[PDB]
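Working notes for the structure below.
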4 protein chains.
Amino acid sequence: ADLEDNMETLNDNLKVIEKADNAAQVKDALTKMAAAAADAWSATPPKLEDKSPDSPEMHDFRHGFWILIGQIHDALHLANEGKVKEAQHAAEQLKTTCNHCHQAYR
Amino acid sequence: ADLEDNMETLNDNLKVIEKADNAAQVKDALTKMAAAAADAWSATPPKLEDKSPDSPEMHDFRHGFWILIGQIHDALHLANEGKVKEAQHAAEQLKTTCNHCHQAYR
Amino acid sequence: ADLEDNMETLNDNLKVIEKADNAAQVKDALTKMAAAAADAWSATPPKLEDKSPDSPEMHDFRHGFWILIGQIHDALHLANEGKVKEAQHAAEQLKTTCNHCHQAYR
Amino acid sequence: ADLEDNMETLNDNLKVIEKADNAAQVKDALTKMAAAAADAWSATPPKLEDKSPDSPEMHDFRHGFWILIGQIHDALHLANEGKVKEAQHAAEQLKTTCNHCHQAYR
Ligand code: HEM
Ligand code: HEM
Ligand code: HEM
Ligand code: HEM
Ligand SMILES: [Cl-]
Ligand SMILES: [Cl-]
Ligand SMILES: [Cl-]
Ligand SMILES: [Cl-]
Ligand SMILES: [Cl-]
Ligand SMILES: [Mg+2]
Ligand SMILES: [Mg+2]
Ligand SMILES: [Mg+2]
Ligand SMILES: [Mg+2]
Ligand SMILES: [Zn+2]
Ligand SMILES: [Zn+2]
Ligand SMILES: [Zn+2]
Ligand SMILES: [Zn+2]
Ligand SMILES: [Zn+2]
Ligand SMILES: [Zn+2]
Ligand SMILES: [Zn+2]
Ligand SMILES: [Zn+2]
């Protein structure tokens with residue numbers, strides 16, 4: 001999928017997680033976020049289109065996806081263990097990763 | 001790219017890293033491995049073609065990619081710091097991740 | 001050292017990182033935080049003194065140190081790469097981990 | 001505890017995990033390994049006794065503990081999810097980390 005659609009998937013599933021009542025809902029949403037974050041790896045955003053594909057700037061951009069991907073990984077373990085509230089808290093906390101990349105690269 | 005092509009990219013760049021004698025070669029190779037691992041996320045392996053796309057078995061398959069992605073992340077930091085030998089050691093260590101997924105799913 | 005001494009080390013060095021001008025200052029501070037976080041692992045916090053040493057509650061308490069330790073690890077790589085502002089951002093993101101444990105267990 | 005006691009704890013519990021029949025046995029063993037790895041952070045290994053406690057060499061030594069600690073974290077999630085075999089495999093994958101540090105520093 002394109003970067004924009006992967007970002008919409010992240011947005012939409014964050015809201016699903018916030019409103020969720022049970023593990024299954026949170027797991028399903030985190031599963032979708034994991035796939036969107038991994039698929040976003042290949043994208044070059046408009047504001048870096050004039051940089052070389054493996055420039056320093058592109059390395060720093062992609063670092064944020066490593067952080068996000070790691071955070072989703074941990075949140076899904078918590079949800080898998082039935083720690084629904086803790087998985088929800090983890091999802092709220094990773095908004096900072098979203099925000100940090102947007103501040104620099106959106 | 002398809003799973004087989006991403007796997008060839010991973011395999012080829014691991015060999016580049018082994019033979020490398022400067023940071024740039026190792027960084028470039030790890031960069032390519034990071035992209036191939038992320039792109040592999042969406043693939044259904046032949047052995048699980050008869051399972052639902054977000055079955056338990058497919059969750060367990062994809063878990064190995066989180067591990068691999070994390071290991072590539074750390075190796076690139078070591079290479080970025082000019083610790084070329086230590087980045088090469090990290091690359092050797094992450095073969096265990098490759099091997100473990102292959103044993104269960106190849 | 002006891003938990004309170006390790007907490008003072010964490011608190012003091014977070015402030016050092018905020019006010020730092022160069023990578024060496026940030027690296028030194030993160031180094032100290034890494035040691036304090038690892039040493040804090042063995043502590044029983046006052047509010048869980050009435051629980052068994054390896055109770056579920058104590059497992060959930062120690063999970064926060066895994067998160068903190070991992071965040072310090074990554075921040076030090078950023079500082080080692082000379083990315084002072086990015087290491088400072090990572091340090092600010094650490095506070096969420098600090099705050100979350102305090103809310104639940106202090 | 002001293003480094004040798006922490007190393008014996010790691011070694012003993014790896015063998016417990018290998019022979020284990022159920023999740024509880026594996027979780028208990030991984031719990032003990034987590035504590036030993038964190039406690040090992042403060043130790044100076046004999047072969048670096050002539051280096052300053054926060055020398056470059058000591059930084060490189062301690063990096064291996066970040067790796068080990070992270071791996072134990074993940075293994076315990078797998079055990080917590082009831083994935084006994086997969087937690088056992090993760091414990092076996094740990095040995096690469098053990099071996100790497102031993103080769104350079106033991
Ligand atoms: C959970 C975390 C995140 C959420 C919820 C999120 C959400 C969004 C949304 C809703 C958009 C607008 C999408 C559209 O065009 O319709 C967007 C755009 C963008 N995001 Fe994210 N994002 C996240 C994480 C990240 C991270 C980690 C990075 C960089 C490493 C990033 C980089 C971007 C960029 C470059 C755009 C602009 C291109 C675009 O419009 O798609 N995002 N994000
Ligand atoms: C650096 C790590 C890895 C390396 C070097 C590696 C290398 C390879 C190679 C050479 C192949 C042969 C087929 C081809 O060229 O496409 C292959 C196939 C495969 N690998 Fe990997 N791999 C790695 C990691 C992983 C991981 C972590 C997983 C699963 C989580 C995985 C799953 C598979 C599967 C399912 C196949 C069979 C593909 C098919 O039959 O179409 N690999 N890998
Ligand atoms: C950078 C992160 C953190 C900072 C800056 C920080 C700072 C502090 C400070 C200033 C105190 C005051 C108590 C004292 O030192 O006498 C404290 C107490 C405490 N912190 Fe943290 N902390 C951090 C992370 C954590 C984490 C991750 C946990 C749990 C996983 C935690 C658990 C506690 C507990 C239980 C106390 C109460 C100790 C007592 O009452 O004796 N802290 N922390
Ligand atoms: C699961 C992983 C590991 C296992 C099973 C393990 C096991 C052992 C054992 C059985 C010893 C002999 C201890 C003695 O009685 O004196 C030892 C020594 C040692 N290990 Fe490890 N180890 C592991 C990981 C590590 C790591 C990651 C490092 C370094 C980062 C490390 C550094 C050392 C050093 C320096 C010694 C020699 C000092 C001593 O004798 O205690 N080990 N290890
Ligand atoms: Cl929570
Ligand atoms: Cl404890
Ligand atoms: Cl970086
Ligand atoms: Cl147990
Ligand atoms: Cl080495
Ligand atoms: Mg969706
Ligand atoms: Mg080839
Ligand atoms: Mg005291
Ligand atoms: Mg799992
Ligand atoms: Zn975790
Ligand atoms: Zn590292
Ligand atoms: Zn090495
Ligand atoms: Zn990093
Ligand atoms: Zn930043
Ligand atoms: Zn909280
Ligand atoms: Zn995991
Ligand atoms: Zn296995």
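Computed from the mean reciprocal separation of all distinct C-alpha pairs, what Kirkwood hydrodynamic radius does segment B:1-62 have, in Å?
12.8 Å
Is it possible to state the helix-based mean residue ellipticity at 222 nm for chain D, with each DSSP H run of 4+ residues giving -39500 (n - 2.57), the sum divided by total residues, to the nearest 500 deg cm²/dmol? What is it?
-26500 deg cm²/dmol
Taking each label point as 7 Å beyond Cα in the direction of the beta carbon, state the distances from D:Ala23 to the same residue in the other copies, shortest first, in nm.
Its label point is 0.7, 4.5, 4.6 nm from the equivalent points in the other copies.
May I ask you to report, in nm to one decimal and beginning with the shortest, the distances from C:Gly82 to the same position in the other copies, taking label points 7 Å along Cα-to-Cβ?
Copy-to-copy label distances at C:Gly82, shortest first: 0.9, 5.3, 5.3 nm.
Could you give, in nm with one decimal, how far D:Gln103 is from each other copy of that position, shortest first, with labels 7 Å out from Cα toward Cβ?
1.8, 4.1, 4.4
Pairs on different chains or at least eight residues apart, Cα atoms closer than 29 Å: how many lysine pairs in chain C fit?
Within chain C, the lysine pair count is 22.
Of all the residues in chain C, which one has the C-beta that comes nearest the axis relating C to D, and what is the distance in Å?
Nearest-to-axis residue on chain C, with distance in whole Å, is C:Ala38, 2.
Report the Cα-based extents of the protein assembly as shown along its three principal axes, largest first, to the nearest Å.
51, 45, 39
Would you kindly derive the ³J(HN,Hα) couplings of segment D:41-47 from the backbone phi angles with the Karplus curve 6.51 cos²θ - 1.76 cosθ + 1.60 (θ = phi - 60°), listing them in order in whole Hz, with x for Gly and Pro?
Once θ is set to phi - 60°, the couplings for segment D:41-47 become 3, 7, 7, 9, x, x, 6 Hz.
Based on alpha-carbon positions alone, could you give the equivalent ellipsoid semi-axes of chain D from the gyration tensor, as √(5λ), descending, whole Å?
That gives 27, 12, 11 Å for the three semi-axes.
Any idea which of B:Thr97, B:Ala1, B:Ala23 is furthest toward the positive side of the dipole for chain B, if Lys and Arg beta-carbons carry +1 and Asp and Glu beta-carbons -1?
B:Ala23
Can you give me the span-like helices of chain A, meaning DSSP H runs with 20 Å or more of Cα extent along the axis and Kyte-Doolittle mean at or above 0.0?
Taking the DSSP H segments of chain A (at least 20 Å long, mean hydropathy at least 0.0), we get A:23-40.
Given H placed on each backbone N at 1.01 Å, which residues far from C:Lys51 in sequence or on other chains put an amide H within less than 5 Å of it?
Under 5 Å from the amide H of C:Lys51: no residue qualifies.
Treat each spin label as a single point 7 Å out from the Cα along the C-beta direction, and report the B:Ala104 to A:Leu3 distance in nm.
Label-label distance for B:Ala104 and A:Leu3, simple model: 3.3 nm.
Rounded to whole Å, give me the distance from the Cα center of segment B:54-72 to that of segment D:25-77.
Each part's Cα centre sits 25 Å from the other's.
Please tell me the relative contact order of chain D in percent, rounded to the nearest whole number, where contacts are Cα pairs under 8 Å and at least six residues apart.
31 percent
Neighbour counts are summed over all protein chains in view; Cβ atoms, including those assigned to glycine, are modelled from backbone coordinates with ideal geometry. Taken together, the values in this text are just the output of simple stated rules run on the coordinates, not laboratory data.
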